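Undergrad: This is the structure I want to talk about, given as structure tokens.
Number of protein chains: 4
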Amino acid sequence: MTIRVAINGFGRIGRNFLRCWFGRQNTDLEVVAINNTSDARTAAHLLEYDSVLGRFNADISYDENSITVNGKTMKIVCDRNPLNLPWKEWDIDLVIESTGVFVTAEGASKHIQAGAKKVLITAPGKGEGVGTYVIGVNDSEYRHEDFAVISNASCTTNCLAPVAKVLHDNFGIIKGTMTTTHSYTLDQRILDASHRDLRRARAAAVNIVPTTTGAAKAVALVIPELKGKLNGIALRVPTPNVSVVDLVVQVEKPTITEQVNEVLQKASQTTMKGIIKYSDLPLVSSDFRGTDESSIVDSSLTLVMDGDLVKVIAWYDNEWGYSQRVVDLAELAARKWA
Amino acid sequence: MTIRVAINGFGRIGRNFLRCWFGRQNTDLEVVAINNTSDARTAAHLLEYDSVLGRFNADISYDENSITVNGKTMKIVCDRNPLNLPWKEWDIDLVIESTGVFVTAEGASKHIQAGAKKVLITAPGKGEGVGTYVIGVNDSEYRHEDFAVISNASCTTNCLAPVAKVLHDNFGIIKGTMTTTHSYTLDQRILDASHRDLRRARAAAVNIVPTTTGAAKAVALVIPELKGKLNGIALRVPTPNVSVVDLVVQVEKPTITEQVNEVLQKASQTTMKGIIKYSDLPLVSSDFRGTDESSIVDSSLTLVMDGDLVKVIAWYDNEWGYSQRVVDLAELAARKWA
Amino acid sequence: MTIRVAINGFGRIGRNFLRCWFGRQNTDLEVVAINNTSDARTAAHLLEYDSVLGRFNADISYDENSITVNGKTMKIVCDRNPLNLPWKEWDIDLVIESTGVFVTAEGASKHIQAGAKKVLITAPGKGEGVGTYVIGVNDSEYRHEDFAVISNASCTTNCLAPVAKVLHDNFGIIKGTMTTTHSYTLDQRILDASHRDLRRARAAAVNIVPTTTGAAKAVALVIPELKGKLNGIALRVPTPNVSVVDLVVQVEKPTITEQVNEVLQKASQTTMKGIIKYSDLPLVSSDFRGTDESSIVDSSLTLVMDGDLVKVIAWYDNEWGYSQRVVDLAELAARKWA
Amino acid sequence: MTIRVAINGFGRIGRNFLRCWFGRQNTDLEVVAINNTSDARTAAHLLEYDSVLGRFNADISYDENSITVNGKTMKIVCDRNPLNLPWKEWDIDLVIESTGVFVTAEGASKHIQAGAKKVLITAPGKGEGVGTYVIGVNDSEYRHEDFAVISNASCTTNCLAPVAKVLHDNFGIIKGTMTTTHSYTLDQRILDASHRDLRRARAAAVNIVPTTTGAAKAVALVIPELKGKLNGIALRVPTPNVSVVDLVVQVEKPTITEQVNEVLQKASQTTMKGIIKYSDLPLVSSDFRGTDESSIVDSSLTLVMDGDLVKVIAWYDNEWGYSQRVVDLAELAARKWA
Ligand SMILES: NC(=O)c1ccc[n+]([C@@H]2O[C@H](COP(=O)([O-])OP(=O)(O)OC[C@H]3O[C@@H](n4cnc5c(N)ncnc54)[C@H](O)[C@@H]3O)[C@@H](O)[C@H]2O)c1
Ligand SMILES: NC(=O)c1ccc[n+]([C@@H]2O[C@H](COP(=O)([O-])OP(=O)(O)OC[C@H]3O[C@@H](n4cnc5c(N)ncnc54)[C@H](O)[C@@H]3O)[C@@H](O)[C@H]2O)c1
Ligand SMILES: NC(=O)c1ccc[n+]([C@@H]2O[C@H](COP(=O)([O-])OP(=O)(O)OC[C@H]3O[C@@H](n4cnc5c(N)ncnc54)[C@H](O)[C@@H]3O)[C@@H](O)[C@H]2O)c1
Ligand SMILES: NC(=O)c1ccc[n+]([C@@H]2O[C@H](COP(=O)([O-])OP(=O)(O)OC[C@H]3O[C@@H](n4cnc5c(N)ncnc54)[C@H](O)[C@@H]3O)[C@@H](O)[C@H]2O)c1
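Protein chains in written order, with the authors' numbering: chain A, 1 to 338; chain B, 1 to 338; chain A', 1 to 338; chain B', 1 to 338. A prime marks a further copy of an entry chain.
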């Protein structure tokens, strides 16, 4: 039956996930609690009024201890430390980890000590003992008992992995390389300020800033055949949302642009319905705000050099599209709860 | 004497201050130490490379706990707790407090408890007990013994006060209002994220964002005759540096556009040289990047409606100009030192 | 009965007007033709996909000579010269002038020679013989026979005029002054390039650029009692949409903040329903995208100095809100057609 | 000889060219006239004040039909039709064509018909019959008599060619792909507005915008061995200056990251001094503002996947660096002049 759910850290991903879930047709989820480093006041307001999502059209209320949306009432808490959270008493089955701060098996597992059964990191996990899934790529390989702490990977990996999969299943990937042109995030600085990354230290809205990305390697986690076959880098540009992957692969079967486009389109219609969108129209970044899929292939941008060096460009709503997938993963965890 | 100076917090203001100070002709200041949350490497890199100021043209080098600029070595410490600092042992006369977090008389006097004799908050003072000075406005009221904790006020006030002084001295301000169209700062949030000001909580580079400002009440600290006579609001817009003040005052002696521009000009050549720049060219914000002055009167924007309702638009480089003034205020304390 | 309508110049205003009209509950208008300096291809695509409005959710088709939206078929033409347009044969009653280029009584009147009965400039008119209306302020004063060429003023004047009216009717305006902080427009340059205005010549997205505005004077056109009582200036900032008016007036009846807020709210509920919105929530510029009203008063920003110097700040969607008014004016022209 | 030069079109490239030329050590060029759509006033103002370059530090003065810089007077004309120009009577050897509209052999030869002996398009050549040179790449193939109309190619090609040359000379390029993340330019539209490229039709400072580029085919004009071996796409992002090229080539001799960085470095010290800058610091885009070089290799971004799939990231100041190269190309034509 249904599983009870709480959110941890009500930021971009956290509020996106909610609105994604509130838009859902059907569900096996019951959101019931939210924990964030701010009062309920600042919660129910960043929810309704979003610089990027536009205004959430829904009945929204709040008091000191709760917030409420379209009938449904949640519960608000405020513990910087998950070990202190009322998950046992509140019979919390799954916690969505969206603080960005508890991404190790241990930290994410503090929610387990506190009474929760399973935790879903909305971000790559670090260290050992987290199970990583990307919907459309990996999720047939899901067993409730494998991991109490799971990861939905990164927004970038979710864009990249489904395209890698299709390209691989159809032409065989030998090796390749990838660049992501990414809208800045909160991990960057609006002005030159201290950061562990001497580049992310620098004013985000007036720079192209190069940075590292684990995403090309991460595909290995969900497509182990591509282990050591992909590298990459990211470039932060001053957009606030939507991002793009530029993937170049040496492929085993010689092909043409029309054909790799054909197979990507096929997938968008079939094995990848809902995950890959196929765009043949001459569009730009803002046109994909609020798109549900995880990779949006720009077919007119696909390229093939001498039969076997292919390039495809895929867009993604790095916040919203990713949040539809974390929803999906949660629904899957629900349906498969052993 | 020649006084020994420590910089607490090596951010925008902190680094501008060092850059301004190295480019000075003569000085009664010796900068001996710097405390900042990062390491000496991160500090020297952020010092040499600046997105707004461009490259620092100097000989810069660093080891594990010092940076050296043009022969002058300065010790680096990393201590979030000002009570810990070895100011007594390093014979520190003046601490420049530019962390933005010790802005009360008590917070900032942590530096005095640790051995310093005077501290200069590079921001307005919070609460009672700090002494505030705006070079060109009330610096003649500076007395060594008055306060252990002193303030250079805000960039906005430093832009407002000089213009207000000249306007009031020549026509008599009765009451007035001001709006500041301000580049975003590090106190503003990168993307939609929590903040005590729900408006400051929103993505700074995609929003015009209204916030309160103390700047207009503050001018009374330095021009007491204006007490109770000015209020203002601020609107944060997506540029990374240089702001503008839009001042509307009702005035005692009726006047004309030609005449107020005339007095503002006269001032810029005499009583306010170096403090008020007088610009009669059709310029825009970026042209004032690097301007040493505090206020830059845009002369062709001056309006006088029906004799006694005057509007003056004045730009300011909100980091660089302001930082030249903190230098000035530090030099001043040095010369009046007892 | 209904009047037949054509649009001239399918840019921001032109496409906004259409979508506004397509969202309308009821109507006395029948759009039937569109004339723009580009094929129908580029027309039906800039319509559906908008960087600012988001995607137009509606059934949209096009061939070489037409475009079609939700059943309704229009007709596409392409004459840089209105004298060549098929208005006579197409029995065109009203033309919406949105090219920005035919804003004199003569030029706008070329549409008359070509067979149209009335023309509505979506912009201030210049020279003599255009009748200017701002809904909520002036429109009771509308007579079909006064002008064959009418003007809906500017987006800025529409924000300013209703607030001036209410403030005047309640407290008596003596004189005042206004600044608009405006999202850049197509009349600006993305980079430093030649322009009749030496300031609008300069890179719009990385400058605060001062420019002139006729808006404060224009209020005189629709509130002749305020003739010579208002001046102002504009400041272009790098946002793409939403703008703000900052209005400061010396008022005759001494009042308080609560009260001027009270009267503005009253108006938003009554004589100004649909034109003035009253916002008491702590919001930012992006939150008013797609708002229908012409002035959005930010009550928490209202100020009163010594009883009789009042400041109110009003937001506006400079494209969308203005386009709801041009629709309104057109509906009025229809209903009053003598 | 020492040659007489006219500048047709005083825009970004036009003005950079003059600024670059005045800051040159020695010159075989004499600039005698300038043709631009505006007046002499607008030209001198745009020359002194530049949003990207900041203030031109020179003695600048102007009358109705001349500007004077550091003693050197240059005549101003305003003639949209190159056939009209008095190049024969002013004994004009070399016309710098930087209007962006006479880019075919025939369009540009209008200047030859009007009396000039050679024209240099500051952009790629459209169609057959123009000669193309990239300083540092094939300038040794420059022969006075080969073409009346010559080209400096695009900023992107000027960044790509040098890197391509060194990569190919040392490892042997087989085939490859490139993407250019480019600051927006004046060919890009301010807000959503009509254009032949529906993607270039969209607001440049709020969109990542994909457009085609000839840059990768073009490198073959200057490195013929690369004919048919490179393709590319461009992505326009919201910065006003400095771009970056992301180059992926499959290579004949297997190699390692250390070694390609080694050869790129060696080059930057020897065979490509002044053309390729070698940056091993963790920098960002703004740090390359004002860089004289053509390509700036970001050494820590270099990737080599599995021996023969190399990626190099290289920045360029797309206006300033490129304009130093048009100077170079003009000096070159001057020295080889017959
Ligand atoms: N932004 C994207 O596009 C994107 C895409 C994929 C994954 N992610 C990942 O999602 C995670 C969240 O990133 P974000 O972009 O939403 O930034 P965010 O600022 O929105 O972080 C979300 C929230 O966590 C809250 N929080 C912090 N510490 C907390 C604590 N101790 N207890 C409870 N709440 C706490 C913060 O106050 C914030 O509201 C990150 O790990 C990021 O890597 C982000
Ligand atoms: N930016 C402007 O235009 C402007 C103008 C005038 C005044 N100010 C004032 O300058 C002050 C600094 O603002 P900023 O713009 O320079 O932001 P900032 O970049 O300087 O951030 C402040 C610095 O202090 C450091 N720091 C934080 N906590 C510390 C601690 N406990 N101990 C030691 N160091 C610590 C931070 O790591 C950073 O280096 C603020 O109070 C602001 O109001 C700013
Ligand atoms: N942008 C605003 O916020 C705003 C607000 C109020 C009023 N206005 C006014 O609206 C008018 C249009 O401005 P805009 O912002 O929509 O710019 P715009 O670029 O969208 O101009 C609209 C269209 O007119 C077309 N056009 C040009 N010449 C033509 C011709 N000879 N025949 C037919 N079509 C032609 C252009 O191709 C463009 O598509 C201007 O006069 C402006 O002052 C604009
Ligand atoms: N911006 C870059 O990074 C870059 C780099 C390399 C090459 N280019 C090339 O430089 C050329 C100019 O582009 P830009 O960026 O300098 O835009 P721009 O600012 O220079 O606009 C071009 C100039 O030419 C003038 N002009 C237009 N028509 C004219 C005519 N008929 N006669 C005389 N003058 C006329 C315009 O008024 C303006 O002064 C383009 O062809 C572009 O492809 C640009």
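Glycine included, each C-beta is placed from N, C-alpha and C at the ideal position.
Would the beta-carbon of residue 301/A fall within 7 Å of that of residue 256/B'?
TA: no
Undergrad: Measuring alpha carbon to alpha carbon, tell me which of 202/B', 204/B', 268/B', 229/B' ends up nearest residue 215/B'.
TA: 229/B'
Undergrad: Is any non-hydrogen atom of ligand 2 found closer than 6 Å to the C-beta of residue 132/B, if you look at the structure I gave you?
TA: no
Undergrad: Residues of chain A' with CB closer than 9 Å to the CB of residue 185/B', please, in chain order.
TA: 190, 191
Undergrad: Taking 6 Å as the cut-off, is the CB of residue 155/B close to at least one heavy atom of ligand 2?
TA: yes
Undergrad: Is the shortest distance between the beta-carbon of residue 98/B' and the beta-carbons of chain B less than 7 Å?
TA: no
Undergrad: Strictly below 8 Å CB to CB, what residues from chain A' border residue 12/B'?
TA: Contacts between residue 12/B' and chain A', judged by CB atoms closer than 8 Å, involve 191, 192, 193 in chain order.
Undergrad: With DSSP run on the structure shown, which of helix, strand or coil describes residue 234/A?
TA: strand
Undergrad: Exposed or buried, residue 324/A, counting other C-beta atoms within 10 Å across all chains shown (16 or more means buried)?
TA: Its Cβ being crowded by 16 or more others within 10 Å, residue 324/A is buried.
Undergrad: For chain A', find out if any of its Cβ atoms is closer than 7 Å to the Cβ of residue 109/A; answer yes or no.
TA: no
Undergrad: In or out: residue 78/B buried (at least 16 other Cβ within 10 Å) or exposed?
TA: exposed
Undergrad: Return yes when at least one heavy atom of ligand 2 lies under 6 Å from the C-beta of residue 322/B, else no.
TA: yes
Undergrad: Specify the secondary structure class of residue 113/A' as computed by DSSP and reduced to three states.
TA: helix
Undergrad: How would you list, in chain order, the residues of chain A' whose beta-carbon sits under 8 Å from the beta-carbon of residue 285/B?
TA: Ordered by position in chain A', the residues that pass the 8 Å Cβ test against residue 285/B are 207, 208, 209.
Undergrad: When DSSP labels each residue in this structure, what does residue 210/A get in the three-state scheme?
TA: strand
Undergrad: Over the uninterrupted alpha helix (DSSP H) stretch that includes residue 25/A', give me the two end residues.
TA: No alpha helix (DSSP H) contains residue 25/A', which DSSP labels as neither H nor E.
Undergrad: Here's the rule: buried if 16 or more other CB atoms are within 10 angstroms of the residue's CB, otherwise exposed. What is residue 122/A'?
TA: buried
Undergrad: Note down, one range per segment and in chain order, each beta strand (DSSP E) of at least 3 residues found wholly within the region 290-329 of chain B'.
TA: 295-298, 303-305, 309-316
Undergrad: Which residues share a DSSP beta bridge with residue 33/B'?
TA: 6/B', 75/B'
Undergrad: Cβ of residue 186/B' versus every heavy atom of ligand 4: is any distance shorter than 6 Å?
TA: yes
Undergrad: As a quick exercise: from 19/B', 51/B', 192/B', pick the residue whose alpha carbon is nearest that of residue 72/B'.
TA: 19/B'
Undergrad: Report yes if the C-beta of residue 10/B is less than 6 Å from at least one heavy atom of ligand 2; otherwise report no.
TA: yes
Undergrad: CB of residue 101/B' to nearest heavy atom of ligand 4: below 6 Å?
TA: Flag set: Cβ of residue 101/B' near ligand 4.
Undergrad: Output the distance between the C-alpha atoms of residue 351/A' and residue 209/A, rounded to the nearest integer angstrom.
TA: Lying outside 1 to 338, the shown extent of chain A', residue 351/A' is not represented and no answer is given.
Undergrad: Looking at the C-beta of residue 233/A', does it have a partner C-beta in chain B at a distance below 7 Å?
TA: yes
Undergrad: Within 10 angstroms of the Cβ of residue 1/B, are there 16 or more other Cβ atoms? Answer buried if so, exposed if not.
TA: exposed
Undergrad: Using DSSP with H/G/I as helix, E/B as strand and the rest coil, what is residue 97/B?
TA: strand
Undergrad: Rounded to whole angstroms, what is the Cα-Cα separation between residue 10/B and residue 36/B?
TA: 5 Å
Undergrad: Determine, for residue 203/A, whether the minimum Cβ-Cβ distance to residues of chain B falls below 7 Å.
TA: yes
Undergrad: Can you give the Cα-Cα distance for residue 211/B' and residue 43/B', rounded to whole angstroms?
TA: Looking at the backbone, the Cα of residue 211/B' and that of residue 43/B' are separated by about 31 Å.
Undergrad: Alpha carbon to alpha carbon, how far is residue 265/A from residue 313/A? Give it in angstroms, no decimals.
TA: 13 Å
Undergrad: Using a threshold of 7 Å, state whether the C-beta atoms of residue 361/B' and residue 244/B' are closer than that.
TA: Absent from the model: residue 361/B'. The displayed extent of chain B' is 1 to 338, so no value can be given.
Undergrad: Out of 321/A', 145/A', 240/A', 331/A', state which residue places its alpha-carbon closest to the alpha-carbon of residue 338/A'.
TA: 145/A'
Undergrad: Report the CB separation of residue 162/B' from residue 294/B' in whole angstroms; it is logged as a contact under 8 Å.
TA: 5 Å
Undergrad: Taking a Cβ distance cut-off of 8 Å, strictly less, list which residues of the region 289-313 of chain B are near chain A', in chain order.
TA: 298, 301, 303, 305, 306, 309, 311, 313
Undergrad: Give, in chain order, every residue of the region 20-41 of chain B' whose Cβ lies closer than 7 Å to some Cβ of chain A'.
TA: Taking 7 Å as the Cβ-Cβ cut-off against chain A', the residues of the region 20-41 of chain B' that qualify are 37, 38.
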